[PDB]
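Shown next are two forms of a single protein chain, provided one at a time as structure tokens under the names structure 1 and structure 2.
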Structure 1
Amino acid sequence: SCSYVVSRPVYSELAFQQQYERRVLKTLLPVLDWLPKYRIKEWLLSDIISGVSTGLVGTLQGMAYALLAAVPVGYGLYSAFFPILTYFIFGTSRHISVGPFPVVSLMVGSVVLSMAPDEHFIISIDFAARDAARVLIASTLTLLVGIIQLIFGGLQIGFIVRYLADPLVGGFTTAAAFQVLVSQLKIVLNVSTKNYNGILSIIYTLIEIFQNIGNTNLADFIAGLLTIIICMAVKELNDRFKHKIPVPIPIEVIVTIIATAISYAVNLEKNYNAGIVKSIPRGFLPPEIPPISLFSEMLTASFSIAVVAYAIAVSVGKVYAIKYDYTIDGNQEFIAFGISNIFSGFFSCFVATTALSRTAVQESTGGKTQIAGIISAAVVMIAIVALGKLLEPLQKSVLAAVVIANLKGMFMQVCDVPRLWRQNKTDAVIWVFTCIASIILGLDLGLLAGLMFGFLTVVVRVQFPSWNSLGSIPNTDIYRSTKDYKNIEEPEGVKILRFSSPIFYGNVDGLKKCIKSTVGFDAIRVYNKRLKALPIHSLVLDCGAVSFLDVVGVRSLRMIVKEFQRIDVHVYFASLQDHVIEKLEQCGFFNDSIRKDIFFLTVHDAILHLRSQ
């Protein structure tokens, strides 16, 4: 077959350089971008059906996730309504449904509970004033999140969600599922547990829940259990029996309607003391300017909430964009969601993002442009102004049960943890650390810890790389580690060291130790011994994988070269990239008799050059 034949001079870097010479309408993405391009002839019907279905789903989801946040039911309707309108303009995606997404809602509720506890606020009971304070804190956090998102959009730094690695995303998702389960289990049992704010909050909440389980409400617990069983069974049947009924069954909506009708018919509120929403405001409240003074106490939480909400939004947007063959602008997603969160925070809402289930409902029911979003917003509006009184007898345990039933996919990544461990130990470590940190910390603090742990794992992987003592495969130009192939011959009086990482301070110390181990000695000790009195003659450094190089690395390279030259040992560098050589030359490496003539193209010109002497 084909053979590897090449005839050329031995080029050093100096010789190679000598012979081969070197050397305005998108920030506000208009609705006019697609409204004139709209397809009125047929798209209206699909948009209307999809919007009605996803609005029916989104009213329920906003009401349910308003319990995850520490705000009364009814403001979830606002959080489902306002962000859709203020995303219809700036939004790039045309399939995602904008709403609470109970993970962001639970982080918001954790912030609100930390900044407005029951005992800290009410010292008399002042339900109305406490609810007003909780709503105001939620609106302030939403406005801060929107400001952060808009700032990130202005700076065009949309690559930050790259840092949200899949292992840490999965660990954070499982931990958030655990937190949501704990909160909604507190809700369904109708047990009054004092809210623990800080570290080990979830564990203390569980301890108090199982302590006060004796005070559980039978009606609320039974309703929640029955709702969970019905929803999960219907979802399982739909997953199995999937060839028919292409649209997913809106089991949650029907379950909530039946529960509300039954609770209105037999009046669980007064007969069994059931926990119902008991209050939904009618009409739209006037806007209020959030107090910016609280911004200092929400920074570490607003940053994490903005990052998580945007990551979920673009995740769902990209999942549906690769399906419908279009691209979503990430920086414009910053802009759209930041403006949306600011607008919603002014109008008394909590942080807005998209939900995978709601987006799936919207798309599977004839998903088309964001007009379906507008129809969903109109449905939420008519629920706000007309259907507010009808949903009063509905139990909060039903909404919590709906959320718990939806938590299954988020609970299932414990199954993929072991295969992650088998595939790559550091990824499983990232997963487990993110999960545990998000459990015994805040969810925001857990996210920040997971991000910095991912950064630390990258730093450790580049700091302790693979390094090999290379010898030649006979009659070829293939150099491989002498301990791996058993047919590798060691050349005459020269050691070849491949350091498979960029050289920086941690890699400085690692590379010094690796050279000392490879050559079997160190230059300083032998030089001092020879001075007091008064095996290897060359070391080739295979730097093919050296990506970058800093001033500490350049200093280390100069020190290594000088120390080995002191004991008549020549150090040659091979396979260095052009930019690394430029870094060397601008860092002052080529001074004091270096002259770039000890740099070869690969680790075979070095050996040939040695054999010439």
Structure 2
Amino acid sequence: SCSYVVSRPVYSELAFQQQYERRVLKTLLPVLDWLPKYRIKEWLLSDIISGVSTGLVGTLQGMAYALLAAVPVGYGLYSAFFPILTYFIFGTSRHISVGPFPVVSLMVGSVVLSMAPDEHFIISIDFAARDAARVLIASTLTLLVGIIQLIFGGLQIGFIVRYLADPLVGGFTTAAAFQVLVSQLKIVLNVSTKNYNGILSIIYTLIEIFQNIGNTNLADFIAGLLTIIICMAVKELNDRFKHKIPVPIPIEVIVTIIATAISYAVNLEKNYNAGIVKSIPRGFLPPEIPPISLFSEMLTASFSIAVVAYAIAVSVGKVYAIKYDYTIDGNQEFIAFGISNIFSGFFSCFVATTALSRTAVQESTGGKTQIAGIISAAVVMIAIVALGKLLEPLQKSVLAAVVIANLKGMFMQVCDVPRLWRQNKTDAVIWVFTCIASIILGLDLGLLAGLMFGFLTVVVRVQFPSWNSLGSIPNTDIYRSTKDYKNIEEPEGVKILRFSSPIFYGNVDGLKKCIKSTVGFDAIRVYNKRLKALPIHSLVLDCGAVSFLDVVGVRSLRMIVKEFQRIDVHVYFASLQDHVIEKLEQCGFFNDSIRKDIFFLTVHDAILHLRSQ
């Protein structure tokens, strides 16, 4: 077939250079972009239906997620209502819904509980003062998170989500699922367990729950178990029988309605001392400015909460945008969510994000422009104003049971771990380290530890690269490692070394060790021995994989060249990229008889040049 034929002179860097010469409306993204461009002819009915459905789902989700945070049920409605209204303007996406997403709710609740516990705040008990303190701390944390998100949006740094590797995301998700399960089990069992702050908190909580297992309430446990079993069974039959009924079956809403109807009918509150919500405020509360003096004690938590919320939001937005063939702006997502968090924090709400489940519920029922979000907000406010009394007899164990029932997918990555280990050990190590760190630590501390561990793994992978001693395949210009192909012939009196990495301090130490091992000796000892008394004549370095360079690398290269020229051994460089060559130039490498004449394009011109002498 085709053959490889070429004829040209041998080109060093100097000769090659001699012969060839070198040398205002998007930042505040309005509704004005699509509102005039609307398609009211057919989109309105779909928007209305989708908004009604997603509002019905989001009301229950906000009521349920208010328990993950140490906030009374009723503020979740505000957290579902205000962020949608303030995101309708600055939002870039077109199919997402805004709400708690209980993981962020659990982070906020952990912060609030650790910053205001029962024994420290109250030495008597005053439920109202404790609730007010918890609400104030939640609002302050929300405001701080919003400020941080807005600041990050202003700086145009939205690529930090790249640093959230998939294995660490999976490990963090599994650990968060464990934390949520433990907290909701504590809620279901109706056992009073004092909070633990610090490391190994979950173990102490589980130990004390098992100790106090003797005080559990029978009715709440039975209701939770029945709800979990029913929801899991209906979800399993929905998953197995999937060709029909594209809309998900609203088993949770039916379960909640039946549970509250029975609770009101037979009055579990006074006959069995059951745990009901017992209180839902009516109307809208006036705004209150949070105290900013607490900002000094909520930095390392607000940073992680903002990062996690933004990452979830952009992930869901991209997943839907690639399906519907459009794009979203990451920095505008930062700006919109920061403004939304500020506005909600001024109105006694906790952090709001995308909730992929509710997003799918909204989209599968005729997903269209953000008018459905406005309709959902209208449904939520109608529920707030009037339907507050009808949900009074509902038990909190039912909501906790639903939250637990929706945790299986977060529990199903332990099956992905073994294949990940089989494919690449580093990814499995990152997964396990992130999971363990998030287990015995706070969630935010675990996230930060996982990020820095990923950075460390990248640095270590760069620091210990591959290296080889190369020889030529006969009658060709192909050089491969001598110990692998069994037909590689070593040239006479010259060594070829490949060091497949950029060169920095760790790499300069590694490269010195590799050179000493490959050449069979070192220049310093032989020079000293020869001075006291009073096999290789050339060395070629293949630098095709050298990405970048620093001052320490240049110093090490200069020292190596000088030491090898002391004992009459020539060192040549080949396949060096240009930008590395100017990096060498501006670091003062080309001084004291270097002259750039020892640089070649590939490792076959150097061999021919050596053979010419």
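Rigid core here is just the name for the largest C-alpha set that superposes within 1.5 Å across the two forms. Structure 1 provides the reference sequence; residues are numbered from 1 along it.
Q. To one decimal place, what C-alpha displacement in Å is found for residue 10 between structure 1 and structure 2 with the rigid core superposed?
A. C-alpha shift for residue 10: 2.1 Å.
*Core superposed, what is the CA shift for residue 143 between structure 1 and structure 2, in angstrom?*
So the C-alpha of residue 143 has moved 0.5 Å between structure 1 and structure 2.
message: Looking at residue 587, what is the CA displacement between structure 1 and structure 2 after core superposition, in angstrom?
response: Once the two forms are fitted on their core, the shift reads 1.6 Å.
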